[PDB]
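Protein chains in written order, with this note's numbering: chain A, 3 to 74; chain B, 3 to 74.
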């Protein structure tokens, strides 16, 4: 984080995990707590790899259409 | 500035940017009160790079084929 003497405070953040909200407090301030973590992983990743190849093909095709999408 | 006694002036120029007039002051001579210039900046020139060649070929193949305009 870097500070600037102009009334605008800019800070960069990175996402690491998720959280759940069950208890709610009328803010300000707002306070909650998570109960369980919900996450799943792919199974039999051969089809997942085929889908990844198709997604890469789609991304490559989209790159070839960057003549008007304004992207590097 | 190089002059002749014939009422005609030859001056070489190099334009910087277009200038507009908001309030006109009658003369003679007619004087104009300038304001902030209407300037632009290039952002995300990736599309501009393709546009440059697309615009270039249109007259590059024209002057080469059609010669009545007689451009260099």
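Backbone N, C-alpha and C fix where the C-beta goes; we use that ideal spot for every residue, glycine too.
- Take every Cβ of the segment 30-46 of chain B, pair it with every Cβ of the segment 15-22 of chain B, and state whether three or more of those distances are shorter than 8 Å. yes
- Assigned secondary structure, residue 5/B (DSSP; H/G/I helix, E/B strand, else coil): Reading the second chain from its first residue, position 3 is the one you call residue 5/B. Looking at residue 5/B - three-state DSSP - the assignment turns out to be strand.
- Task: Could you list which residues in chain B have their beta carbon closer than 9 Å to that of residue 73/A, in chain order?
- Result: Here residue 73/A corresponds to residue number 71 of the first chain, with the count starting at 1. Ordered by position in chain B, the residues that pass the 9 Å Cβ test against residue 73/A are 46, 48 and 49.
- Message: If you measure between the beta carbons of residue 49/B and residue 69/A, is that distance less than 8 Å?
- Response: Position 47 of the second chain, counted from the first residue, corresponds to residue 49/B. Position 67 of the first chain, counted from the first residue, corresponds to residue 69/A. Going by C-beta atoms, residue 49/B is nearer than 8 Å to residue 69/A.
- Item | From 34/B, 11/B, 29/B and 6/B, residue whose alpha carbon lies closest to that of residue 22/B | Within the second chain, numbered from 1, the residue matching residue 22/B stands at position 20. If we check each option's Cα against that of residue 22/B, 34/B comes out closest.
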